[PDB]
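K.L.:
Provided herewith is a single structure, encoded as C-alpha cells, for subsequent inquiry.
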Amino acid sequence: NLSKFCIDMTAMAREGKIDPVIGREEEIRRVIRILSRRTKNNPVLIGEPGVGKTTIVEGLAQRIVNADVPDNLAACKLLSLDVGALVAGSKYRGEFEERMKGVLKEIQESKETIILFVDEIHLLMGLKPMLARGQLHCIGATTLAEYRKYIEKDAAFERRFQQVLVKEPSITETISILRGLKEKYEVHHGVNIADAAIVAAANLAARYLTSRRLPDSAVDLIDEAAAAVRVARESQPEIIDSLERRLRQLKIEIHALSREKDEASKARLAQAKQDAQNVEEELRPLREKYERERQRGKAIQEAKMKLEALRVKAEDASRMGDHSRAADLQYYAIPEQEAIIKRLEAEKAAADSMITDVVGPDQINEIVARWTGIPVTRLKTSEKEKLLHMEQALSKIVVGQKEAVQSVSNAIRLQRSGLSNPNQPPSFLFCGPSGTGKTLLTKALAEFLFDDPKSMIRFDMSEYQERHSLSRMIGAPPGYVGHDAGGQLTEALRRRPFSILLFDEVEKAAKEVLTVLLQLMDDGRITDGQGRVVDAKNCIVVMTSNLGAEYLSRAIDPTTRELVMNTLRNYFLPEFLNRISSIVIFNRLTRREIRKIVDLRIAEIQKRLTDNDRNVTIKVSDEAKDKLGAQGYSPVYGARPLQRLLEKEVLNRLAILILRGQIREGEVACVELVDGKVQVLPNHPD
Amino acid sequence: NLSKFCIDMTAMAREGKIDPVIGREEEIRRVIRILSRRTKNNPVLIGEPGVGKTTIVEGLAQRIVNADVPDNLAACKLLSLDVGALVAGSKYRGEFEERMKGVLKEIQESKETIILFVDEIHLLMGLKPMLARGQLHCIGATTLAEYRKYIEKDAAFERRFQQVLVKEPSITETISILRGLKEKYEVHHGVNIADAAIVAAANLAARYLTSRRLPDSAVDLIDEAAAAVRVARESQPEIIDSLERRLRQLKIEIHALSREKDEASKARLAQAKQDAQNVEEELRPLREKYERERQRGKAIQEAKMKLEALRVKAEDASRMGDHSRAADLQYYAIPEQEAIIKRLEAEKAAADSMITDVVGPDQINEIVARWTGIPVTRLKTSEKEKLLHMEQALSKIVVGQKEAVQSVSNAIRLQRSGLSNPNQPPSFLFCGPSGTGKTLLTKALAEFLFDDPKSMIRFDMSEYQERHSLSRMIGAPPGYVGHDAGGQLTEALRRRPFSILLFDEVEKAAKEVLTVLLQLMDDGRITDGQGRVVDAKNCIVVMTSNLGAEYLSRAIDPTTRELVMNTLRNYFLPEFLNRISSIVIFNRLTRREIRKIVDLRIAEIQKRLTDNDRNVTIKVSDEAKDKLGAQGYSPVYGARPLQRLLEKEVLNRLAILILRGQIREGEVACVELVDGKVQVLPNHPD
Amino acid sequence: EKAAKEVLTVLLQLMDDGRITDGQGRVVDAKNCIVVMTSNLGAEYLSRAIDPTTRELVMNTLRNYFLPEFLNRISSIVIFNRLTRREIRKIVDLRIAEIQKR
Amino acid sequence: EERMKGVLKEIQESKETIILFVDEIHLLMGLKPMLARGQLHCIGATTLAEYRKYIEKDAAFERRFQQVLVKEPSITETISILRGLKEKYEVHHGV
C-alpha cells in the first residue's frame with residue numbers, strides 16, 4: 001500500500017500520543033454538519049497561520065474515535081497526508097500525477113470509509129479531485145489570502161465548497177488550554193508550575209511579543225521557560241562545580257608535592273589533603289542530595305509514563321469491552337501508582353542549589369525581556385499602579401495643561417476600568433499652539449502605557465485630502481492597484497495592535513477619511529477592503545488642531561472655550577464631534593513655565609555631559625536663562641525653535657572649548673552673558 | 001481523445017443523476033430557437049452570479065434528451081468542460097495553449113454532433129476561437145458586466161453571439177422549486193419537512209442573505225437545517241448514552257468488586273448488578289424503539305430509492321419506446337411502492353418522541369440567527385406584531401412625546417396596512433426642540449422596524465442646502481462634480497431595499513432639495529444621476545426640523561402648532577408638505593421625562609457594571625437626580641450634553657475609588673447630593 | 001526642492017533613524033555617514049555688499065517646501081553667496097598654479 | 001536521495017543521542033527528512049535572505065524550527081577574542 005505519504009491520525013488517536021484538545025466545540029459540530037451535508041460535504045476551514053487549525057482537525061478526530069459522533073460517520077476514519085510529501089514523490093509533475101492517481105484510487109479502492117485532511121489544501125494549485133461526488137471526502141484548511149487568490153478564482157471547484165472561519169481565542173481561552181497542557185509539559189520536563197505565572201505570561205505575550213498569534217505563542221513561551229529551568233536543575237549547582245574544579249586542582253597540588261621532597265612541599269601536601277577532605281565530605285552531602293533529587297524526579301517521570309500508558313490502554317479496553325483485565329488493571333495499578341506519586345511528593349516536600357523546581361513569573365519576565373530588551377522593571381507593574389501615578393508622572397515630563405493631563409488620565413482610567421463601551425477605545429482631538437510638547441505629550445504617554453517609541457504613528461491630513469489618498473492609505477481591495485502597497489494604517493494595526501494613533505491637519509482632511517475614522521471611533525475597528533476587520537481596542541487615537549489658538553491670550557475662562565466650541569462644531573458633524581473622549585484644548589505659555597522648560601533644557605544638556613565621563617558644570621545664570629527664554633519664544637512654535645536656538649548657542653562654544661580642552665577636566669561651564677548677548681566664558685584662553 | 005476534462009452532460013441526464021429544475025422555461029425556448037438560427041446561433045446568457053444558472057443549463061440538457069428539441073439539434077451533445085481549472089491550473093500557458101488547441105480540434109472530430117457548454121469566455125481572452133461562427137457552437141452565460149468589459153469591446157467575436165438574460169428569482173419560483181427539492185432532499189436524508197416551514201424560510205432568506213443569491217441560498221440553508229436534524233436523528237438520546245456510560249462503569253466496578261472479600265464490596269456488587277438490570281430494562285425498551293424507528297426511516301429511504309430506481313428504469317425504457325415493459329413497471333411497482341410508502345408513514349405516525357424527522361422552522365431560524373446575530377424572537381412578526389406592540393415597545397425606548405410617537409405609529413400602521421400609497425412610503429417631519437432624543441428616536445424607529453442599525457444611514461439636510469448638494473446627493477452624469485462617489489443617497493439606496501431615509505434639519509435643505517426629493521418620494525423613486533435603475537418603495541423616508549421649538553414655551557397645543565405649520569408651508573412647498581404623511585410635533589421636555597431619562601442612563605451604567613463581575617449598585621438620590629437634571633438641562637439642546645455632564649461628574653471618581661478600592665463589589669454607589677455637587681460617598685478608607 | 005515628498009520622507013527617516021527600512025525591511029546603519037542637499041533659490045536675494053534679512057526669506061521659501069520639523073531635524077542650515085573679484089582672481093591664480101603643475 | 005536515507009538510516013543506528021548540526025540547510029530546499037521528530041537533531045544557520053527564501057515557505061519547517069540571529073560582534077570583543085587567538089597564532093609563528 002502507498003500509505004507512504006499518509007499519516008493515520010486515528011492510529012495516534014487510539015494510541016493517545018495526540019495532544020488532548022480543549023475548547024472550540026460548536027465549531028466541531030459545524031464541521032460535522034458540513035461533512036454530512038450532501039451538496040458540499042467539503043469542510044474548508046480558514047484561519048491565521050500557526051493557530052494549529054491542525055490541532056482542531058486532530059481534536060475532531062479524537063472526538064471521533066470515542067464513537068460519540070455522527071453514526072453515519074462514526075464508522076469512518078481520518079488521516080493526514082502532506083501534499084508537499086506527495087509532490088516530494090518526484091521532480092516533474094508528469095510522473096508525479098501517476099503517484100497522485102495512485103493516491104486517489106488507493107483510497108478509492110479502500111473498502112472502509114476513511115477521509116483525508118488535505119492540510120495547506122490550496123497547494124493543490126501548484127485538478128484530479130473532481131472525483132469528489134460523495135464517493136469521497138476531504139477537509140480544507142489554509143489562509144484567507146491564497147484562498148481568495150486561487151480558490152475564489154475557480155468557480156466549479158468552489159461552488160462545491162464552503163468557507164469556514166477561525167476566531168482567535170482570547171485570554172480566558174488561553175487560561176483553559178494552558179491549564180490543560182500544563183501537566184503534559186511538566187511531565188515532559190519533569191517540573192512544576194504555578195498558575196499566576198501562566199496567567200501573567202499569557203497576558204504578556206499577548207501584549208508585546210505579537211508578531212505571532214495566540215495561543216501557541218504563550219505555549220512556546222512556557223516551553224522555553226520550562227527548558228531554561230530544567231537546564232538549571234539538570235546542571236550541577238555552582239557550589240558543586242566550583243568544589244569539583246577546586247578538588248581537581250587540590251589533588252593536582254597533593255600529588256605534585258608528593259613528587260617533591262622538601263618540608264614546604266610536605267606541609268602544603270598535608271594542607272591540600274585536608275582541603276580535598278573538607279571539600280569532599282562537604283560535597284558528598286550536597287552531591288548526594290543532588291543525586292537523590294535526580295532519582296526522585298526520575299522515578300516521577302517513569303511513573304507518569306507507565307501511569308498514562310495504563311490509562312490509555314484501559315480506556316481502549318473500555319472502548320472495546322475487555323472488562324475483566326480492564327477493571328483489574330484499573331483498580332489495581334492506578335491506585336498503587338497514585339501511592340507511588342504521593343509518597344514521592346511527600347519525600348520531595350520533606351527534602352527541605354535546591355532550586356524550586358516550580359517556575360516563577362519573574363522567569364518569564366526575564367525571558368520576554370531578552371525577547372524585546374524592554375526593562376524588566378516596567379513589566380512587573382500590573383498596569384494599575386502606573387495608573388494611580390501616571391498623572392504627576394507625566395507632569396514630570398512636560399507641563400502647561402495639568403487639566404488636560406488629568407482629563408486624559410481619567411479617560412483611560414474609565415477605559416481600563418471597563419465602565420463604558422468595551423469596544424470603542426477612547427479617542428482624542430487636541431487644539432492649541434504647538435511647541436508645548438503636544439506631540440511629546442503623546443510620546444511620553446505611549447512610552448509610559450506601552451513603553452515604546454515605535455508605538456507612535458503619524459498622520460497629517462494634507463497628505464490625506466484626496467479621496468484616492470484615502471484609498472491608498474487604507475489600501476484597496478486586491479482587485480485594484482492598492483494591492484501592491486496596501487494600507488499602511490491597516491498594516492500598522494495588523495503588526496502592533498497595542499499601539500498609538502496620531503492624526504494631524506485634520507482640518508485639511510478629506511471628508512471621507514474623516515468619516516471612516518469616525519466609524520473606527522464608533523467601530524473600535526475598521527472593515528478593510530478585504531474583510532479582515534482588525535480590532536482597535538488596543539489603540540489610542542489623537543487628532544491635532546491649532547486654529548482657534550488665535551484666541552489664545554496669555555492668562556481658565558470658559559468664554560473662549562465656547563468660542564472654539566462653535567469654531568469646531570462648524571467644521572465637522574457634531575455627532576462625529578461627540579466621539580472624542582472629551583474636547584482637548586490648550587492655552588498660552590507664560591514665561592515662568594518657559595524658563596522651567598529652560599531648566600529642563602540645561603538638564604538634558606548635563607545629561608548629555610553624563611553620557612560620557614566628561615564632567616562639565618553648567619552654570620546658567622538666572623539672567624542667562626531669562627534672556628534665552630525671552631528671546632526664543634515663537635508666536636508660532638513656542639520653544640521648538642528656542643530649543644535648537646539654545647542648543648546651537650551653547651553647544652557651539654562648549655564643543656569649542658572641549659575640542660580645545662582649554663576648559664579642562666572637572667571644570668565649570670560658567671554659562672555667562674555679555675551685554676544682552678549670552679556668552680559662556682572659557683576658563684582660560686589657549 | 002482528451003474528453004477527460006469534459007463531462008457528457010447528456011449522459012448524466014440519461015444517467016439521471018441530476019435534479020429537474022423548473023422556471024425560466026420560456027428562456028429555454030428562447031435559447032432553443034436561437035440554436036435553431038443560422039445567423040448567429042451561439043448565444044451568451046446575461047446572468048447574475050449565484051443564481052445557479054448552471055441549473056438552467058442542466059434543465060436545458062434534460063429537455064434536450066427528451067424529444068423537446070428542434071429536429072436540427074436531434075443528437076447534439078451538451079457537455080461540461082471545467083474551463084476554470086483548465087485555464088488557471090496550467091503553470092505555463094503553452095500547455096494551456098496546446099490544451100486549448102487539442103480540445104478545439106478534437107471537438108471538430110465530431111463523430112456525433114456535440115455542443116459544449118463554456119463560461120467566462122472573457123477568461124479565454126485573458127482570440128484563438130478563429131472559427132467559432134463556423135464548425136463550432138458557444139453556450140455562453142455571464143453578467144452583462146463581463147460582456148461589456150471584454151465582449152462588447154471586440155467586434156467579430158461578439159457579433160458572433162446573441163444576448164439573453166435571466167433575472168433574480170421571484171418568491172414564487174423559489175416556492176415551486178423548493179417544493180420540488182423537498183422530496184429529493186428527504187430521500188437523501190430520511191427526515192420530514194413542513195411546507196410552510198420552507199415558505200417562511202425562503203422568505204427570511206430573501207429578507208436577509210443579500211450577500212448570496214436566491215434561490216440556491218434558500219436551498220443550501222434548508223440542507224444545513226436538514227443535516228442538523230439528521231445529526232440529532234443519527235445520535236442516540238443523551239440520557240440513554242449517559243445511562244449506558246454509567247452502565248459500563250458499573251460493569252467495570254462489578255468485575256473489580258466480585259474479586260474482593262468484604263461485605264461492603266459484596267453488598268455494593270449486588271447493588272451494581274441490580275441497577276445494571278434496572279438501567280437495562282429501562283434503556284433497552286427505548287434503545288430498541290430507537291433501533292426500530294431507525295429501521296423505519298431506513299425502509300423509507302431504501303423504498304424511495306428503489307422507487308426512483310425502477311421509475312427511471314421505466315423512463316429509460318420509455319426513451320427506448322418499450323411502452324409495453326415501461327407500463328409494466330409503472331403498473332407493477334410504482335403505486336405498490338407508493339402503498340409501501342403509505343404503510344411506512346402509517347407505522348411512523350403510529351409510533352407517535354425524543355427524535356423528530358420534521359424540521360421545525362425554529363431550527364433554520366437559529367441557523368440564520370447565528371448567521372445574523374439576531375434572535376428569531378425578533379424574526380416572527382411579519383411587521384404585524386411589530387405594529388400591534390409598536391406604541392408600547394417604542395415607549396420602553398423613549399417617552400415624553402406620546403402624541404408624536406402615536407402619530408408615527410398610526411401612519412406606519414397605514415404603511416404596513418398596504419392601503420396607503422405603497423409607491424410613496426409615508427414621510428415625516430420631526431419638529432420640536434433639539435437634544436430630545438431626536439436622532440435617538442430616529443435610530444429607535446430604524447431598529448424597531450428592522451432590529452439592525454445598518455438599515456439607517458445619516459443624511460443631514462444641512463450639508464444639502466444647495467443644488468451642488470443636489471448633484472452630490474442625487475448623483476450626476478459623468479460630467480458633474482457630484483458623481484465620482486456616485487451619489488450619497490443614490491448608493492445608500494443602491495444597497496438597501498429596506499431602510500429609513502434620514503433628512504435631518506430640512507429647514508437647511510432649500511426648496512430645490514424639497515422638489516427633487518419630491519420627485520424621489522412621490523413614488524419613493526427616481527432615476528439616479530449615475531444612470532442605473534433604483535427603486536425603494538419598501539424603504540422609508542423621514543424629515544426633521546426644530547424651528548418649532550422657538551414657539552415652544554417651558555411648561556402640544558395646536559395654537560402654537562398652527563403658526564408653526566403656517567411658517568412651514570410658507571417656508572416649504574405646501575404641496576411638497578402634503579407628501580409628509582405626518583408632521584412630527586414636539587414640546588418642551590418637562591423635568592419628569594428627563595428624570596426618567598437619567599434613570600435610564602444610570603441603568604445603562606449599572607448594566608455595564610453587570611457586563612463584568614465588577615458590579616456594584618448606583619443609588620441616585622432623588623435630589624441628586626433632580627439637581628443633575630436641572631444642571632445638564634441645556635435649553636439650547638434640551639439635555640443633549642447632560643449625559644456627558646453626568647458621566648464625567650460621577651463615573652470618574654467612581655472608577656477612581658473603585659480601582660483604588662474605597663468601595664468594593666456589589667455595594668452601593670450612593671449618589672447623595674452634597675452641597676449641590678454630589679460626591680461619590682466612599683465606604684473604605686485608606 | 002524638486003523631490004517627490006515621499007522620497008523626502010525616506011530621507012528624513014535616514015536623518016532620524018541612523019539607518020533605513022527597505023523593501024526587505026532590513027536596516028543598515030548610517031551613523032558613520034553624512035548627507036548633502038542643495039538649492040539655488042536665493043539667487044533672487046543674491047546681491048553682494050552678509051545680511052540676515054534675506055536668510056529668513058529663504059527659510060520660509062523652504063518651509064513652504066518641506067516639513068517644519070524636517071527642516072529642524074537637520075543639523076545646520078547652509079548658506080552661500082557670490083565671489084569677491086579679488087577671491088575670483090585668487091581662484092584664477094589657483095587655476096594657473098594647477099596649469100604650471102600640469 | 002538513497003545515500004541520504006542510508007545515513008539518515010545510519011542515524012537511527014545510534015548508541016547515544018546522535019546530533020547532526022547542518023548549515024546551509026536551504027541547500028536541501030533550494031522535506032525528505034520529515035520522517036522522525038525526536039530521532040534527528042540539527043541546528044539551523046544561514047542568511048536572513050535564505051530564511052525568507054526557503055525557511056518561511058514550507059509551513060512544516062515553519063512549525064519545526066526557531067531562529068536565533070547573530071548580532072555583529074563589537075570592537076572590544078574583537079580585541080579580547082583576538083588576544084585569545086594571538087596566543088595560538090604567535091605559537092604558530094613565534095613572533
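Please note that chains go A, B, ... in the order of the C-alpha cells, that every chain numbers its residues from 1, and that ligands are numbered from 1 in the order shown.
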As a PDB file with C-alpha atoms, in the first residue's frame, could you give me every residue of chain C near chain D (at most 12 Å apart, counting only C-alpha atoms)?
P.N.:
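The resulting file, iface_36.pdb, is reproduced below:
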ATOM      1  CA  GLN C  24      13.336  43.747   2.705  1.00  0.00           C
ATOM      2  CA  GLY C  25      12.657  45.626   5.944  1.00  0.00           C
ATOM      3  CA  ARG C  26      16.267  45.136   6.989  1.00  0.00           C
TER       4      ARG C  26
END
K.L.:
For residue 464 of chain A, find every residue with an atom within 9 Å (counting only C-alpha atoms), except residues of its own chain fewer than 4 positions away, and show them as a list in words.
P.N.:
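Listing them by chain and then by number gives residues 459, 460, 468, 469, 470, 473, 505, 506, 508, 509, 510 and 513 of chain A.
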K.L.:
Can you tell me, as a ChimeraX atom specification, what residues are no more than 7 Å from residue 58 of chain C when counting only C-alpha atoms, ignoring any on the same chain fewer than 4 positions away?
P.N.:
/C:42,54,62
K.L.:
Export N, CA, C and O atoms of the chosen residues as a compact mmCIF listing (two decimals), in the first residue's frame?
P.N.:
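So out.txt came out as:
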# COMPACT_ATOMS: atom_id res chain seq x y z
N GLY C 42 17.82 81.32 -3.55
CA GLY C 42 18.22 82.61 -3.01
C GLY C 42 18.82 83.57 -4.02
O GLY C 42 18.92 84.76 -3.72
N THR C 54 17.65 88.54 4.24
CA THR C 54 17.40 87.58 3.17
C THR C 54 17.25 86.16 3.72
O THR C 54 16.43 85.38 3.22
N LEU C 62 11.72 77.77 2.02
CA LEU C 62 11.90 76.32 2.05
C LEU C 62 10.98 75.67 3.07
O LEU C 62 10.68 74.47 2.97
K.L.:
Find the residues near segment 33-38 of chain C: any atom within 9 Å, counting only C-alpha atoms, skip ones fewer than 6 places away on the same chain, and give them as JSON, numbers by chain.
P.N.:
{"C": [1, 15, 18, 78]}
K.L.:
Enter the distance from atom CA of residue 8 of chain A to atom CA of residue 54 of chain D, in Å, rounded to one decimal.
P.N.:
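We find that atom CA of residue 8 of chain A and atom CA of residue 54 of chain D lie 27.8 Å from each other.
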K.L.:
Could you name the residues that touch residue 28 of chain C at 10 Å or less, counting only C-alpha atoms, but leaving out those on the same chain fewer than 2 positions away, as a list in words?
P.N.:
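So, after excluding close chain neighbours, the residues are residues 14, 17, 18, 19, 20, 21, 22, 25, 26, 30 and 31 of chain C.
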K.L.:
Those residues you just picked out, can you put them in a file as a CSV table (one decimal), in the first residue's frame with N, CA, C and O atoms?
P.N.:
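Output (part21.csv):
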chain,number,residue,atom,x,y,z
C,14,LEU,N,16.1,58.5,7.2
C,14,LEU,CA,17.5,58.4,7.3
C,14,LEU,C,18.1,59.4,8.2
C,14,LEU,O,19.0,59.1,9.0
C,17,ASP,N,16.7,58.1,11.7
C,17,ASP,CA,16.8,56.7,12.1
C,17,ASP,C,18.2,56.3,12.5
C,17,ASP,O,18.4,55.4,13.4
C,18,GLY,N,19.3,56.8,11.8
C,18,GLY,CA,20.6,56.3,11.8
C,18,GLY,C,20.7,55.1,10.8
C,18,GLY,O,21.8,54.7,10.6
C,19,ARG,N,19.6,54.6,10.3
C,19,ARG,CA,19.5,53.5,9.4
C,19,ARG,C,18.3,53.8,8.4
C,19,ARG,O,17.8,54.9,8.4
C,20,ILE,N,17.9,52.8,7.7
C,20,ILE,CA,16.7,52.9,6.9
C,20,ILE,C,16.1,51.5,6.8
C,20,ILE,O,16.8,50.5,6.7
C,21,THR,N,14.7,51.5,6.7
C,21,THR,CA,14.0,50.3,6.5
C,21,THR,C,13.7,50.2,5.0
C,21,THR,O,13.3,51.2,4.4
C,22,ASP,N,13.9,49.0,4.4
C,22,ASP,CA,13.8,48.8,3.0
C,22,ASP,C,12.7,47.9,2.6
C,22,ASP,O,11.9,47.5,3.4
C,25,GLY,N,12.9,45.3,4.6
C,25,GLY,CA,12.7,45.6,5.9
C,25,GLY,C,13.9,45.8,6.7
C,25,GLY,O,14.0,46.6,7.7
C,26,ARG,N,15.0,45.1,6.3
C,26,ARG,CA,16.3,45.1,7.0
C,26,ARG,C,16.8,46.6,7.1
C,26,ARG,O,16.4,47.4,6.3
C,30,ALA,N,23.7,54.2,9.2
C,30,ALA,CA,24.3,55.4,8.5
C,30,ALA,C,24.9,56.3,9.5
C,30,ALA,O,25.2,57.5,9.2
C,31,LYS,N,25.0,55.9,10.8
C,31,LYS,CA,25.5,56.8,11.8
C,31,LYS,C,26.9,57.3,11.4
C,31,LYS,O,27.2,58.5,11.7
K.L.:
May I ask for the distance between atom CA of residue 634 of chain A and atom CA of residue 434 of chain A, given in Å to one decimal place?
P.N.:
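Distance between the two atoms: 9.6 Å.
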K.L.:
What is the atom CA of residue 563 of chain B to atom CA of residue 407 of chain B distance in Å?
P.N.:
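Taking atom CA of residue 563 of chain B as the start and atom CA of residue 407 of chain B as the end point, the length is 19.5 Å.
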K.L.:
As a VMD selection string, could you give me every residue of chain D near chain A (at most 8 Å apart, counting only C-alpha atoms)?
P.N.:
chain D and resid 31 to 32 63
K.L.:
Leaving out residue 11 of chain B and any residue of its chain fewer than 5 positions from it, which residues lie within 10 Å of it when counting only C-alpha atoms, given as a PyMOL selection string?
P.N.:
chain B and resi 16-17+61-62+65+77-79
K.L.:
Closest to residue 22 of chain D among D:46, D:66, D:39, D:74, using only C-alpha atoms?
P.N.:
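Looking only at the distances to residue 22 of chain D, the closest residue turns out to be D:46.
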K.L.:
If we count only C-alpha atoms and set the cut-off at 12 Å, which residues sit around residue 270 of chain B, ignoring sequence neighbours fewer than 2 positions away in its own chain? Please answer as a list in words.
P.N.:
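The residues satisfying every condition are residues 250, 251, 253, 254, 255, 257, 258, 263, 264, 265, 266, 267, 268, 272, 273, 274, 275, 276 and 277 of chain B.
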K.L.:
Identify all chain A residues at most 6 Å from chain B by counting only C-alpha atoms; ligands do not count. Present them as JSON, numbers by chain.
P.N.:
{"A": [33, 37, 70, 71, 154, 323, 324, 327, 328]}
K.L.:
Any chance you could export the current selection's N, CA, C and O atoms as a short mmCIF file (atom, residue, chain, number, x, y, z; two decimals), in the first residue's frame?
P.N.:
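Everything below was put into selection-v3.cif:
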data_model
loop_
_atom_site.label_atom_id
_atom_site.label_comp_id
_atom_site.auth_asym_id
_atom_site.auth_seq_id
_atom_site.Cartn_x
_atom_site.Cartn_y
_atom_site.Cartn_z
N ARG A 33 -21.68 18.90 10.60
CA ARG A 33 -22.79 19.22 9.72
C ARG A 33 -22.32 19.36 8.29
O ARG A 33 -22.95 18.86 7.36
N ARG A 37 -23.42 17.19 5.26
CA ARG A 37 -24.10 17.97 4.24
C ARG A 37 -23.86 17.34 2.88
O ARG A 37 -22.71 17.08 2.50
N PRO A 70 -21.41 11.47 14.73
CA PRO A 70 -22.41 11.08 13.73
C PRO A 70 -22.28 9.62 13.35
O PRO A 70 -21.22 9.16 12.92
N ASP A 71 -23.38 8.89 13.53
CA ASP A 71 -23.38 7.45 13.31
C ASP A 71 -22.90 7.12 11.90
O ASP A 71 -21.94 6.36 11.72
N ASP A 154 -11.82 30.09 -9.04
CA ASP A 154 -12.17 28.84 -9.72
C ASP A 154 -13.60 28.51 -9.31
O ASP A 154 -13.83 28.01 -8.20
N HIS A 323 -13.62 -6.43 29.88
CA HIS A 323 -13.98 -5.95 31.21
C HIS A 323 -13.06 -6.48 32.31
O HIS A 323 -12.66 -5.73 33.20
N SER A 324 -12.76 -7.78 32.29
CA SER A 324 -12.02 -8.38 33.40
C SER A 324 -10.67 -7.69 33.60
O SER A 324 -10.43 -7.04 34.63
N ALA A 327 -10.88 -3.85 34.41
CA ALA A 327 -11.20 -3.48 35.78
C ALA A 327 -10.05 -3.80 36.72
O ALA A 327 -9.73 -3.00 37.61
N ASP A 328 -9.43 -4.97 36.56
CA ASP A 328 -8.37 -5.35 37.49
C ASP A 328 -7.17 -4.43 37.34
O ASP A 328 -6.65 -3.90 38.33
#
K.L.:
Please return as a ChimeraX atom specification: the residues of segment 438-576 of chain A that backbone DSSP assigns to helix (DSSP H, G or I).
P.N.:
/A:438-449,461-464,467-474,481-484,488-495,506-508,511-523,548-551,559-569,574-576
K.L.:
Among segment 391-523 of chain A, which ones does DSSP assign to strand (DSSP E or B) (computed from the backbone)? Answer as a VMD selection string.
P.N.:
chain A and resid 427 to 429 460 501 to 504
K.L.:
May I have the residues from that selection written out with C-alpha atoms, as an mmCIF file, in the first residue's frame?
P.N.:
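Once written, again20.cif looks like this:
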data_model
loop_
_atom_site.group_PDB
_atom_site.id
_atom_site.type_symbol
_atom_site.label_atom_id
_atom_site.label_comp_id
_atom_site.auth_asym_id
_atom_site.auth_seq_id
_atom_site.Cartn_x
_atom_site.Cartn_y
_atom_site.Cartn_z
ATOM 1 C CA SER A 427 -10.442 58.993 21.270
ATOM 2 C CA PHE A 428 -8.591 62.281 21.338
ATOM 3 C CA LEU A 429 -8.536 65.511 19.354
ATOM 4 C CA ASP A 460 -1.024 64.532 8.522
ATOM 5 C CA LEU A 501 -2.581 56.569 16.569
ATOM 6 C CA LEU A 502 -1.674 60.126 15.579
ATOM 7 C CA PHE A 503 -3.709 62.278 13.215
ATOM 8 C CA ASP A 504 -2.935 65.834 12.191
#
K.L.:
Could you list, as a PyMOL selection string, the residues of chain C having an atom within 12 Å of chain A when counting only C-alpha atoms?
P.N.:
chain C and resi 5-6+9+17+23+67-69+71-77
